[PDB]
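Participant:
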Amino acid sequence: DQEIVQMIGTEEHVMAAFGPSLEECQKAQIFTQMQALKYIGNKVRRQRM
Amino acid sequence: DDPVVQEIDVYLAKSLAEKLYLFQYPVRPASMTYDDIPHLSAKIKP
Amino acid sequence: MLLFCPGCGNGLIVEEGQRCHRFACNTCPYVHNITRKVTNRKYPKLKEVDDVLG
Amino acid sequence: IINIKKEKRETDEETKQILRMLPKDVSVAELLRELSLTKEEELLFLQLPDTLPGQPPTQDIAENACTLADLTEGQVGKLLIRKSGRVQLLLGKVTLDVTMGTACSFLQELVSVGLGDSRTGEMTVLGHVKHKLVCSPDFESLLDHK
Ligand SMILES: [Zn+2]
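Protein chains in written order, with the authors' numbering: chain B, 248 to 296; chain M, 6 to 51; chain I, 1 to 54; chain N, 137 to 157, 245 to 284, 312 to 396.
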């Protein structure tokens, strides 16, 4: 998450605005690449079989 | 604007041309280093 | 406010331990006990007096 | 509480969130304070152009790219610091200009990974990298020359 925040910005207001997204992500158990990819795939639909 | 001072020379070394790597930690500030952290091993591929 | 663990870099929540409140990461055993006061002011812009237009 | 493992603030330049109680430098002043104000050695990381103003010496060719891997040891160029803060690198008949690169604040460790044996090698930490330089061809001079 530190790298993500550094990529978004280091300004105080930037972190203040991005805090809610970090908190929402923390509420879930997504912390690795595999978990996020599995979540995305769960949020994917086949193009009509 | 003439070169009044600091006429430094530039030399070239080929001893560690194939053995020199640059490791940078995007998440670790330069203030804290891993000098005191005991390392165990490093896996690598040529 | 937002703080990150030096170990992995994830966000640090605040939790009540066995001795004192502490910052802790949800993906590693790293913790940090609070010794002195820690504050994070925001200084909202207030309402101003608006005037008698007309 | 341990002092060398405190929580780090988002700003890498102002990680000192809790205490026990930076202006943008220039290459000329950088070298001046590195040599005149102090005498301790420093590790720098400079970025050279893709092709150097030279020819691969007996490297089996074509006007291909000439990098440091083709040049030999010894004196290859000089570093001049003119007035008004100009920092040039005379690498032969042409002269490049050296400027300050992106101010990196994260940890950069220059190490030497030497595989002496095919089964066991040695990793040697040479030092730490703090500043970054960028060398660029003085295209204006190359154009006004001919
Ligand atoms: Zn952590």
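Positions of the beta carbon are idealized from the N, C-alpha and C atoms, including for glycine.
1. With 8 Å set as the bound, which would you pick, yes or no: does the beta-carbon of N/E146 sit closer than that to a beta-carbon of chain B?
2. Report yes or no: do three or more beta-carbon pairs, one from the segment 33-50 of chain I and one from the segment 26-43 of chain M, lie closer than 8 Å?
3. Using only the alpha-carbon positions, how far apart do M/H44 and B/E271 sit?
4. Under the criterion of a Cβ to heavy atom distance below 7 Å, does I/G17 qualify as lining ligand 1?
5. For N/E372 and M/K19, which I take to be in contact (beta-carbon distance under 8 Å), what is that distance rounded to the nearest angstrom?
6. For the segment 31-46 of chain I, which residues have a beta carbon sitting closer than 8 Å to at least one beta carbon of chain N?
7. Select from the segment 249-261 of chain B all residues with a C-beta closer than 7 Å to any C-beta belonging to chain N, and list them in chain order.
8. When the Cα of I/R41 is compared with those of B/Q249, B/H260 and B/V252, which residue comes out closest?
9. From N/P387 to N/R336, what does the alpha carbon distance come to, in whole angstroms?
10. What residue does the beta strand (DSSP E) around B/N289 start on, and which one ends it?
11. Just to confirm, does N/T147 get its C-beta within under 7 Å of one of the non-hydrogen atoms of ligand 1?
Facilitator: Reading from the atomic positions:
1. Yes, contact with chain B.
2. Between the segment 33-50 of chain I and the segment 26-43 of chain M, the count of Cβ pairs shorter than 8 Å is below three; the stretches do not touch.
3. Looking at the two C-alpha atoms, the distance is approximately 35 Å.
4. Flag unset: Cβ of I/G17 not near ligand 1.
5. Separation of the CB atoms of N/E372 and M/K19 is rounded to 19 Å, and the pair is thereby denied contact status at 8 Å.
6. Listed by position along the chain: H32, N33, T35, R36 and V38.
7. So the close ones are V252 and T257.
8. The closest CA to that of I/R41, considering only B/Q249, B/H260 and B/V252, is found on B/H260.
9. For N/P387 and N/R336, the gap between their C-alpha atoms comes out near 14 Å.
10. Per DSSP, B/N289 is not a residue of any beta strand (DSSP E); the alpha helix (DSSP H) it occupies stretches across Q280 to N289.
11. Checking the Cβ of N/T147 against ligand 1 gives no.
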